[PDB]
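Reading through the structure tokens given below for one structure.
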Ligand SMILES: CC(=O)O[C@H]1C(=O)[C@@]2(C)[C@H]([C@H](OC(=O)c3ccccc3)[C@]3(O)C[C@H](OC(=O)[C@H](O)[C@@H](NC(=O)c4ccccc4)c4ccccc4)C(C)=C1C3(C)C)[C@]1(OC(C)=O)CO[C@@H]1C[C@@H]2O
Ligand SMILES: Nc1nc2c(ncn2[C@@H]2O[C@H](COP(=O)(O)OP(=O)(O)OP(=O)(O)O)[C@@H](O)[C@H]2O)c(=O)[nH]1
Ligand SMILES: Nc1nc2c(ncn2[C@@H]2O[C@H](COP(=O)(O)OP(=O)(O)O)[C@@H](O)[C@H]2O)c(=O)[nH]1
Ligand SMILES: Nc1ncnc2c1ncn2[C@@H]1O[C@H](COP(=O)(O)OP(=O)(O)O)[C@@H](O)[C@H]1O
Ligand SMILES: [Mg+2]
Ligand SMILES: [Mg+2]
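Residue numbers (my numbering), protein chains in the order written: chain A, 1 to 429; chain B, 1001 to 1440; chain C, 2001 to 2361.
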């Protein structure tokens, strides 16, 4: 069957992974110790999309962590859902990259990528078939960006015909999660545009605004941001793990959302989000979801879609529902806001449906969107890059660890060319 | 013992097949367990007819259906549902590597690993035949399996068998509604490949059936169960004369004749008029003069193409129930005297007829009503060209920037093939234009 | 950003093949002079195409028989002349498997193409200018693309079951893209150039297919960097002026319909890899043709490595020739039409070739 191989490169990847496991398990019924404790049968049928069997109806996860520092691994081990992992998949080191891509792609990562790829081989060759990988990393660092990009490169050199989907976090515009962001982000985009099949863009400010505006949370921890991110990671694979009327694997979304290869950077979204008090006043029907999904607030990409045009959009629903409603609603959404879509893609929407909904919502959904509004996110990075490269503000720490000055100009040119590729269609022809 | 072989390819095919075999089972009394309490109850009988079903010494009647697919999310609902003790376990699921909604994967790369098994199964279901009559594919344009696997299968079956009917059902893509943004490519390609090998292709369109279910049965929130039940009633109406006693019986070789004039123009449209709930089951007489005049209404077709934008070219009307052959002739006559229904000057007849005595069944907890008589009309008309042109225009808007072509190329497809399919499908539009110019 | 220029295009028909004679194939191509015409066998429609140059090799007896010693003096000689004038030059092929695009450039041992004649005219024309005022220097390179991976052709592999060193590309800020680890060897006499080309032809990947028994399943590029140091008016030491030039000769591969030319395994994979490379270059030509019409258009070179290492040749600073090899077969009719279509779409490209000299004084 189809089998996803998870990887967690860095602190953000590890936290999102833990929350996602703590999301998929309560969906399939697995407990922290590894045993099955459920009510239905459709859970154990397609459990091999993420899990493996050990001995006694125990179910261990197919997660492969990596982190140059030792703290996050111990945090994930001593946590609630830590006794279920495979301890030999913990592949860490010491002396972290130090917010330096150079110290996470050439010098330190070169010593441990071999071990991580050994675990990847061991876990993949066990599988009957293979549908792709699923990484989680955060631009703005050296472990995540560097190590994950190197791993994507080596996998796509080894296993090319599969999907190296990754739910990358991008840096926020206003606040700076780290000082030297544009170098690492531009280099990661240089090493991702040409070595991927799909990719998702998450931003922290959009999630803060989602937490403050819809969910009405005044003190959101990182766990809430992550709990708002594992949702769509479930929604993507809901049509593999569960049955439905209209199925859609990752490859179907890839064929239908990436018209040209480089333009695979997307905007995710969840549908039914509301406060613990304003849930008894809202109607849990389909058009409320469809207008809560296309709004410029739910999108985690920190880029308003109204400033561009949706090249493609994809909607994975989960619930007992009527397909007439979904199809007619997408048609009228295309007809109303026609200027925010294209004309040379006649139908610019993909639908997909499951039948086994989430743990407590009778009707859930998930949204993906390729729009030209994401060129702003890279325009910003390139402007910062020029401002900090025109007189070499922080560059000497990258050269000393084995790099040169030409890779930077290469990454800048590629990012700008991609911005131009999106801007060619941002303008009505 | 004359036999027809059903083949179902994809999610839509399997769902229509489930809805079809539910209807067959509730008709003959043959049950999910394969056992029929009709031969061993009164003292004899042939109720489970061996044209679509089979027989085993233990009373188990295994049907004649492969239910092909390349994703186990669908067939496992059969294998772990109600109708698991009925079919043959050789359902030919792959379990691996869905086509991802391209034609090149389900014709070159993943299809070739699976087609030989399906052909062997068809041969094994056709060697115990003392002379079959034809095949029936249930494929869906707007996919990888329905577009590519059907092409490969009708290409291989035009080599081994050859002189046998290879009819098909097809979910025609709606012009506005669609659940895929890569469907026109596959549609034109399949119409390039499933043209010189097939005989007739009955088309349907989910939008028109949504509209009629809204307008007549008063459902505002329909799902594909109710759609597939209508299509199941249609495929029962077109497969009853072999399966039941009648007066003016139609065989499967008679669709190729009275409906496919030219060897390429074989894209007709189905219609089933008495779609009325139990509430409207009363207040209506439901005679032939009402039915046959409803089947020709533009707002009761199954494709979203207005018949008034073109001339009718052929029609096959197949009835069920208490039909006395004078209301049928009178209905055809008063339909001929109308100025809207416009025929061409080389087919004045255009009114094939078929009658049968067994009324239609009804599924419990369903949507339709118990009507003593039913009708199913299949029309070959010249309006379809417009719809084709729409898809063709889409092909010209998306191919002119080489969109999505790497995906089809990555599975070995050769862009020249796309241009060839385009030029082939344009000549068919020119043919639909030729068959409207009246004789000099 | 100097002088304007236009892309040269030339067409070449091959004679019948064995597979075509066995199948009783007709002649669906004819010349009305300098033009080209195609008649579909069913007699439903005609097409005509006009180019700057046309050739003919259907039979040795017709008039206007353009042979190997003719296509050179019609197409390649201007490239060498403009190279001596300073400009850069490219000549690249296009066509279908079996069309004759590794016969017009490389040739046979008794029917040389452009490559074994270009670098001979070079030396026949340099001997007339071997005086002490202009001193020449020539470096060569010969590289290959296979399964979207770069490889070097003139390198002695170590003894092992698999030794084909993968290499990488890199973008230079000023000049343009280029290859790393490139064996930019030196050449002084034809006796070395012929030997290097022999080693290359041996190392280039080959296999048998239905449409060609000796099919080349890789994209080959042959680069010559020429530099002439010259003396001019100066206040001190002489020999300070320098004129540089690059000469690229590019042999591409064919679409290779995987059904007719039946094959499975590695051959199918490199054929689809070859297909993707051919699929981006048509997009690039369609995007560069729309530059002259006045529309804003993106020119994607990065979707394939061949276009990535040939940005300077399509656009950039290089006078470029396109040799389109076609077939007269009636079965291979749509692919020939596609080749001619891309040719007439490639004529409209306008590039800016500038004399490139660094005084260094
Ligand atoms: C009656 C009812 O509606 O209870 C809801 C509820 O009130 C709300 C607040 C739930 C609640 O969601 C949150 O509290 C929340 C907090 C921060 C960030 C994001 C969410 C809920 O926690 C979420 C939870 O839903 C789930 O459990 C889903 O399965 C969700 N599960 C988890 O993520 C999860 C994580 C850790 C442990 C257990 C479950 C999920 C979503 C997608 C895919 C898989 C699982 C349920 C029923 C509710 C509560 C509990 C209040 C909502 O959940 C989601 C993911 O949308 C928020 O909006 C929906 C519906 C309601 O607004
Ligand atoms: N009538 C009807 N049509 C359906 C049904 N389910 C899906 N479809 C149609 O199927 C099309 C896309 O799915 P398919 O073409 O069937 O895809 P497939 O044949 O399952 O092949 P895959 O790509 O592997 O999914 C859509 O355009 C739908 O209109 C159904 O239950 N009934
Ligand atoms: N969105 C999100 N971001 C996080 C989370 N946890 C940490 N981060 C951010 O991730 C950024 C990068 O950290 P990281 O690259 O892992 O540090 P490293 O270990 O030195 O490589 C930090 O600046 C944090 O602010 C999380 O749960 N969600
Ligand atoms: N002008 C020509 N005259 C005679 N034979 C030719 C001519 N052009 C090509 N051929 C024949 O065609 C073949 C060359 O095709 P080729 O270019 O090698 O295919 P590909 O480029 O697809 O590898 C050779 O076998 C050669 O004999
Ligand atoms: Mg499917
Ligand atoms: Mg060749």
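From the three backbone atoms N, C-alpha and C, an ideal C-beta is built for every residue, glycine too.
*Output the residues surrounding ligand 6, defined as those with a CB atom closer than 5 Å to any ligand heavy atom, in chain order.*
2102/C, 2216/C
*Could you tell me which chain A residues have their CB closer than 7 Å to the CB of residue 1398/B, listed as they occur along the chain?*
For the purposes of this step, residue 1398/B is identified with residue 398 of the second chain, where counting begins at 1. Those within 7 Å of residue 1398/B in chain A are 344, 345.
_Distance cutoff 7 Å, beta carbons only. Does residue 431/A sit that close to anything in chain C?_
There is simply no residue 431/A to check, as chain A begins at 1 and stops at 429 in what is shown.
_Proximal residues of chain C, C-beta to C-beta of residue 420/A below 9 Å_ = Taking the first residue of the first chain as position 1, residue 420/A is located at position 420. At a beta-carbon threshold of 9 Å, the residues of chain C lying near residue 420/A are 2298, ordered along the chain.
*State the beta-bridge partners of residue 2321/C as determined by DSSP.*
Walking along the third chain from the start, residue 2321/C turns up at place 321. In DSSP, residue 2321/C forms a bridge with 2008/C, 2091/C.
_Within a Cβ cutoff of 6 Å, which residues of the same chain sit near residue 1444/B, ignoring the five residues on either side of it in sequence?_
The structure shown does not extend to residue 1444/B, since chain B is modelled only from 1001 to 1440, so the question has no answer here.
*If you measure from the CB of residue 1144/B, is any heavy atom of ligand 2 nearer than 6 Å?*
On the second chain, residue 1144/B is found 144 positions in, with the first residue counted as 1. Yes, the Cβ of residue 1144/B comes within 6 Å of a heavy atom of ligand 2.
*With 7 Å set as the bound, which would you pick, yes or no: does the beta-carbon of residue 409/A sit closer than that to a beta-carbon of chain C?*
Here the question's residue 409/A lines up with position 409 in the first chain. Yes, residue 409/A counts as interfacial toward chain C.
*Smallest Cα separation from residue 2019/C: which of 2335/C, 2307/C, 2210/C, 2287/C?*
For the purposes of this step, residue 2019/C is identified with residue 19 of the third chain, where counting begins at 1. That would be 2210/C, whose Cα lies nearest to the Cα of residue 2019/C.
_Contacts that residue 1402/B makes with chain C (C-beta to C-beta distance below 9 Å)_ = For the purposes of this step, residue 1402/B is taken as residue 402 along the second chain, with counting starting at 1. Simply 2279, 2280, 2282, 2283, 2286.
*asked:* Runs of 3 residues minimum, wholly inside the segment 36-70 of chain A: which ones carry the beta strand (DSSP E) assignment?
replied: 51-53, 59-61, 63-67
*Using a Cβ-Cβ distance under 7 Å, would residue 2148/C count as near chain A?*
Along the third chain, one-based indexing puts residue 2148/C at 148. Not an interface residue.
*Establish whether the CB of residue 1098/B and some CB of chain A are separated by less than 7 Å.*
Taking the second chain and counting its residues from 1, one reaches residue 1098/B at position 98. True, the Cβ-Cβ gap to chain A drops below 7 Å.
*Three-state class that DSSP yields for residue 1130/B in the structure shown*: Translated into positions along the second chain, residue 1130/B becomes position 130. DSSP, read as helix, strand or coil, puts residue 1130/B in coil.
*Just the chain C side, please: which residues come within less than 8 Å of residue 261/A by C-beta, in chain order?*
Translated into positions along the first chain, residue 261/A becomes position 261. Under the 8 Å cutoff, chain C gives 2303.
*Hey, how far is the Cα of residue 1382/B from the Cα of residue 1435/B?*
As a first step, residue 1382/B is located in the second chain; it is residue number 382 there, counting from the start. As a first step, residue 1435/B is located in the second chain; it is residue number 435 there, counting from the start. Counting only the Cα atoms, residue 1435/B lies some 8 Å from residue 1382/B.
*asked:* Could you tell me the alpha carbon to alpha carbon distance between residue 2227/C and residue 2358/C, rounded to whole angstroms?
replied: As a first step, residue 2227/C is located in the third chain; it is residue number 227 there, counting from the start. As a first step, residue 2358/C is located in the third chain; it is residue number 358 there, counting from the start. C-alpha separation (whole angstroms): 11 Å.
*Using the beta-carbon of each residue, which ones in chain A are nearer than 9 Å to residue 2434/C?*
Residue 2434/C lies beyond the stretch modelled for chain C, which goes from 2001 to 2361, so this question has no answer here.
*At what residues does the beta strand (DSSP E) containing residue 1375/B begin and finish?*
Locating residue 1375/B in the second chain gives position 375, where the first residue counts as 1. Per DSSP, residue 1375/B belongs to the beta strand (DSSP E) from 1373-1381.
*Where residue 2268/C meets chain B, residues with beta-carbon distance less than 7 Å*: Reading the third chain from its first residue, position 268 is the one you call residue 2268/C. The answer, in chain order, is 1412.
*Proximity below 7 Å, CB of residue 68/A to CB of residue 149/A*: Reading the first chain from its first residue, position 68 is the one you call residue 68/A. Reading the first chain from its first residue, position 149 is the one you call residue 149/A. It is not a contact, given that the beta carbons lie outside the stated cut-off.
*Measure the beta-carbon distance from residue 2245/C to residue 2088/C and round it to whole angstroms, keeping in mind my assumption that it falls under 8 Å.*
On the third chain, residue 2245/C is found 245 positions in, with the first residue counted as 1. On the third chain, residue 2088/C is found 88 positions in, with the first residue counted as 1. The pair is a contact, with the Cβ atoms about 6 Å apart (cut-off 8 Å).
*If you follow the alpha helix (DSSP H) that residue 1389/B is part of, which residue opens it and which one closes it?*
Working through the second chain from its first residue, we reach residue 1389/B at position 389. Under the DSSP assignment, residue 1389/B falls in the alpha helix (DSSP H) whose first and last residues are 1384-1398.
*Grab me the residues of residue 2002/C's own chain with a C-beta within less than 6 Å of its C-beta, minus the 5 sequence neighbours each way, in chain order.*
Locating residue 2002/C in the third chain gives position 2, where the first residue counts as 1. Taken in chain order, the residues that qualify are 2354.
*In the DSSP assignment, find the beta strand (DSSP E) that holds residue 99/A and state where it starts and stops.*
Indexing the first chain from 1 puts residue 99/A at position 99. Bounds of any beta strand (DSSP E) do not take in residue 99/A, whose DSSP letter is neither H nor E.
*Evaluate contact between the segment 209-220 of chain A and the segment 404-421 of chain A, counting only Cβ atoms and requiring at least three cross-stretch pairs below 8 Å.*
Not touching, per the Cβ criterion.
_So, with DSSP's three-state summary, where would you put residue 1086/B?_
Along the second chain, read from residue 1 onward, the residue named residue 1086/B stands at position 86. In the structure shown, residue 1086/B sits in coil (DSSP, three-state: anything other than H, G, I, E or B).
*Of the residues 139/A, 145/A, 92/A, 102/A, the one placed nearest residue 119/A, counting alpha carbons only*: By one-based count along the first chain, residue 119/A stands at place 119. Closest by alpha carbon: 92/A.
*Does the Cβ-Cβ distance between residue 1062/B and residue 1014/B come in under 7 Å?*
If you number the second chain from 1, residue 1062/B lands on position 62. If you number the second chain from 1, residue 1014/B lands on position 14. No Cβ-Cβ contact shorter than 7 Å links residue 1062/B with residue 1014/B.
*According to the neighbour-count rule (16 or more other Cβ atoms, all chains shown, within 10 Å of its Cβ), is residue 129/A buried or exposed?*
Residue mapping note: residue 129/A aligns to position 129 of the first chain, counting from 1. Answer is exposed; the Cβ neighbour count stays below 16.
*asked:* Can you determine whether any heavy atom of ligand 4 sits closer than 6 Å to the C-beta of residue 2328/C, and answer yes or no?
replied: Taking the third chain and counting its residues from 1, the one referred to as residue 2328/C is at position 328. Result no, Cβ not under 6 Å from ligand 4.
*Would you kindly work out how many angstroms separate the C-alpha atoms of residue 2113/C and residue 160/A, rounded to a whole number?*
Along the third chain, read from residue 1 onward, the residue named residue 2113/C stands at position 113. Along the first chain, read from residue 1 onward, the residue named residue 160/A stands at position 160. Near 38 Å, if we compare the C-alpha coordinates of residue 160/A and residue 2113/C.
*Do residue 2248/C and residue 2229/C have their CB atoms nearer than 7 Å?*
Position 248 of the third chain, counted from the first residue, corresponds to residue 2248/C. Position 229 of the third chain, counted from the first residue, corresponds to residue 2229/C. For residue 2248/C and residue 2229/C, no; Cβs fall outside 7 Å.
*Looking only at its own chain, which residues have a Cβ that is under 8 Å from the Cβ of residue 1117/B, when we skip the five neighbours before and after it?*
One-based indexing of the second chain puts residue 1117/B at position 117. If we look at residue 1117/B and ignore the five residues flanking it on each side, its Cβ neighbours are 1092.
*Rounded straight-line distance, which links the Cα of residue 1162/B to that of residue 1199/B*: The residue labelled residue 1199/B in the question sits at position 199 within the second chain. The residue labelled residue 1162/B in the question sits at position 162 within the second chain. Roughly 11 Å between the two C-alpha positions.
*Cβ neighbours of residue 1097/B in the same chain (closer than 6 Å, five flanking residues each side left out)*: Within the second chain, residue 1097/B is the residue found at index 97, counting from 1. Excluding sequence neighbours, residue 1097/B sits near 1110.
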